[PDB]
Amino acid sequence: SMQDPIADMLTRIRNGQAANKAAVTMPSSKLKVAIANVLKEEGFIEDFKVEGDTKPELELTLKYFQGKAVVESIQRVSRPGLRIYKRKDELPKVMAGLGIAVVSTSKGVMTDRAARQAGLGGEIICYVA
Amino acid sequence: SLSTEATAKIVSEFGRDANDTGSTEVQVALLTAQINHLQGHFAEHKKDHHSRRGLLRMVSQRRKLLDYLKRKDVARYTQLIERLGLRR
Amino acid sequence: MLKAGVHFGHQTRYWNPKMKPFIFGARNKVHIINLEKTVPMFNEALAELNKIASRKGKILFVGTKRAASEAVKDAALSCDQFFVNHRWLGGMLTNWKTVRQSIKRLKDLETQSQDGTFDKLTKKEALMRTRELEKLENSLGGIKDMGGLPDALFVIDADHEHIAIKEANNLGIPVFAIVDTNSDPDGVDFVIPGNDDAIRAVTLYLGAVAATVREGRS
RNA sequence: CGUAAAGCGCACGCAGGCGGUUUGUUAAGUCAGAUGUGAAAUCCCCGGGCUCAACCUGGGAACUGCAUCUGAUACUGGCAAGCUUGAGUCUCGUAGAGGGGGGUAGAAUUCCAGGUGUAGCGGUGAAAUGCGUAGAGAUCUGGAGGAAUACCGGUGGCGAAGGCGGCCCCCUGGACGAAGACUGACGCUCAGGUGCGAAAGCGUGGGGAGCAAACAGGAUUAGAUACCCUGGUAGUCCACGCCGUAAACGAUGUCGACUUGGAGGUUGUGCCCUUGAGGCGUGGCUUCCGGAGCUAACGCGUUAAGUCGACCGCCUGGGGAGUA
Ligand SMILES: [Mg+2]
Ligand SMILES: [Mg+2]
Ligand SMILES: [Mg+2]
Ligand SMILES: [Mg+2]
Ligand SMILES: [Mg+2]
Ligand SMILES: [Mg+2]
Ligand SMILES: [Mg+2]
Ligand SMILES: [Mg+2]
Ligand SMILES: [Mg+2]
Ligand SMILES: [Mg+2]
Ligand SMILES: [Mg+2]
Ligand SMILES: [Mg+2]
Ligand SMILES: [Mg+2]
Ligand SMILES: [Mg+2]
Ligand SMILES: [Mg+2]
Ligand SMILES: [Mg+2]
Ligand SMILES: [Mg+2]
Ligand SMILES: [Mg+2]
């Protein structure tokens, strides 16, 4: 059931991508957005778009560089069944540094490079590379 | 499974008006209606095991709905079960 | 823009999902390809095609079917170009080194047709040895001499030529090919939409390819 | 955890876990900093002392922890009030071996009665046992009774599973579709618990045509406690109540979202000179084939065994043992 949307996002992406699908949409939310943000701002998607009002609709434009998709792997990490939280010193780094980890902090949803520089930590929503 | 006349009658006896059809109280009451009706179908027969399944489904549906109301508006809950005559 | 009078598209169901981007069809139980997206594929098509033909064109107009074999042993055959118009003896690229002597037997025989031994031995051996040569001739004509190693490859019907194309992909050979709606692209580097087993789209583009190798740098 | 160990036979559901979307607030989880504390030894790093080393020793580092204070508010939790797509309710219809009860029909078998008719019938590989001169079998007519419903009939349909096929009425469950209207997260899952659950089997009473464990006879065979034959009891049928198991199998737990295609079957519904027995769409279910992908392979493949998440069940070498 709907129960975990954020994985559903991570997934609708993962999938469409593997389906060399141009765009991809889904029910939106404060949260979906903030991540679609980091995802664009870190250059894993072209650009997002939320087209509705009562029943908002996040829409992401996918990217493809060579022939490949740009997003080579996108996984949940925290989840309803099992929440993950890391302190600053204990934040994770994906692919040695390449690619990134989305972490939500008391100062908003930012990357790991980010939250690290911000000197704090929070819930590690997902990994991406 | 209950009449249009009958089901209507009760919407009109429990909701704001005919149309306020999905009002908690209403659902409960037109459920409660069919359950009781049925008591006699299963009085005779009794081996109608299959149909029995549907009836329980009615009871547990109603049960969950009753549970909802109570949490929401306790005031409305109590009135209901009195007026519907259950929860001994 | 268009030039293909009546090759429009072709091929009914049997359509290959991956061939959607070049389809605008839907006429009476059959796709018309996207005419207006084929021609931008003469651009690039005959371009890197020629861009090498002046760097020196070695080709292989590979295309078979007792229904267009001869129409390939043509000005397709004639120019800076080799060809195959019969059963693609599998491994003829990937095993050229074995096959290279299936050549020696062709020559060392016809070179000896109106020469060498010939009207001699028995009049059994006679046409009972020209059957050796006849057989060889088709499927191993166009090969004759391969002077400059097979360099690009131009194929009529992508999938019908499973093997040919495959070998290329394996040996790093450009493969220019036209792909009907039904066929699987991506085996083909330079892809050309539109019909691939009708007497026109052949000759047309076929003949038109002969026209760009046969002239690049005088 | 399809076929190797492993999905409970099926469902409903308490506790529990998890839970769409918006704004406010809370600050428990979470995060930040500060302070105290985290015995020494030990470990580790750099040294120093015993001829070296083990050994001894200086000083750091480390003790990933705990608590207090103050902060941060994205996520989670709490409180509040909403929201409409999740989930329900309502309206008219549609298909159906879905369930329960009662009624009823023709075809056959067995039996009873009678006409005609006469020496065999029946059965096997071949036989014999058996049946017939008290007239069999064969045929015809009338009658009794039980059991099951040919054709339709179909990788057809319904049900949670078990499983449900003549026809008719009554009672009744679920599913699906088309419009909009109402509720407003009322949801998902579910250890425990409760219900249902083929056949055989048990209890009391019926009922008994055919079939048939047991048992008897006849054969076959080296033997024949069998396979075959002639018989035939429980049982197979009804009511009431037990039992609770099956290769209860898709050997594939339930719910949700996402991801190229192709040819059927079945069932709703919108549009098109209905002007064709149709034309183009749009749901539910179903069979075959097949792409990525997955797989030890076989295979699966939008009805997943692909890609993800929520909860539950279960596996941890064979035998011993699903035994004590
Ligand atoms: Mg097993
Ligand atoms: Mg099961
Ligand atoms: Mg949310
Ligand atoms: Mg210490
Ligand atoms: Mg020393
Ligand atoms: Mg909150
Ligand atoms: Mg009779
Ligand atoms: Mg009779
Ligand atoms: Mg019904
Ligand atoms: Mg039971
Ligand atoms: Mg029984
Ligand atoms: Mg009995
Ligand atoms: Mg017997
Ligand atoms: Mg068992
Ligand atoms: Mg398949
Ligand atoms: Mg399909
Ligand atoms: Mg799955
Ligand atoms: Mg036991």
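When we count neighbours, we look across all protein chains shown, and the Cβ atoms used for this are built from the backbone with ideal geometry, even at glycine. Rule-based calculations on the coordinates, nothing more; no lab input.
Structure values in brief
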quantity: Residues satisfying the stated conditions in the stretch C:1-28, i.e. surrounded by fewer than 16 Cβ atoms within 10 Å (Cβ to Cβ) and aromatic (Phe, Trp, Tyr); calculated: C:14, C:24
quantity: Criterion: in contact (Cβ under 8 Å) with a residue 60 or more places away in the chain and in contact with an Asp or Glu (Cβ under 6 Å, 6 or more places away or on another chain) - qualifying residue of C:9, C:57; calculated: C:57
quantity: Set A:29, A:78, A:106: member being hydroxyl-bearing (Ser, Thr, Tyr), over 21 Å from residue A:4 (Cβ atoms) and near RNA strand D (Cβ under 10 Å from one of its atoms); calculated: A:106
quantity: The stretch C:29-50 - residue that is of a type outside the set (A, V, I, L, M, F, W, C) and surrounded by fewer than 17 Cβ atoms within 10 Å (Cβ to Cβ) and, of those, nearest to residue C:214 (Cα to Cα); calculated: C:48
quantity: Qualifying residues in the stretch C:165-206 (those that are hydrophobic (A, V, I, L, M, F, W, C) and assigned to a loop (DSSP other than H, G, I, E, B)) - the one farthest from residue C:11 (Cα to Cα); calculated: C:173
quantity: Residue match in the stretch A:91-98 (condition: among the charged types (D, E, K, R), touching a residue at least 12 places away in the same chain (Cβ under 8 Å) and within 17 Å of residue A:38 (Cα to Cα)); calculated: yes
quantity: Pairs, first within 14 Å of another protein chain (Cβ to nearest Cβ) and touching a residue at least 60 places away in the same chain (Cβ under 8 Å) in the stretch B:19-43, second of a type in the set (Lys, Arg) and surrounded by fewer than 17 Cβ atoms within 10 Å (Cβ to Cβ), C-beta under 7 Å, six or more apart; calculated: none
quantity: Residue list for the stretch C:20-63, filter: within 14 Å of chain A (Cβ to nearest Cβ) and either closer than 29 Å to residue C:74 by Cβ or in contact with a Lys or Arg (Cβ under 9 Å, 6 or more places away or on another chain) (or both); calculated: C:21
quantity: Candidates A:71, A:94, A:50 - the one that is touching an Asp or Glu at 6+ places or on another chain (Cβ under 7 Å) and more than 14 Å from chain C (Cβ to nearest Cβ); calculated: A:50
quantity: Hits in the stretch A:84-118 (condition: of a type in the set (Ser, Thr, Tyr), surrounded by 13 or more Cβ atoms within 10 Å (Cβ to Cβ) and more than 21 Å from residue A:72 (Cα to Cα)); calculated: A:104, A:105
quantity: Selection count where residues are under 25 Å from residue C:167 (Cβ atoms), of a type in the set (A, V, I, L, M) and not in a loop (DSSP other than H, G, I, E, B), scope the stretch C:109-157; calculated: 2
quantity: Hits in the stretch A:70-83 (condition: surrounded by 12 or more Cβ atoms within 10 Å (Cβ to Cβ), farther than 16 Å from residue A:39 by Cβ and of a type outside the set (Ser, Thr, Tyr)); calculated: A:79
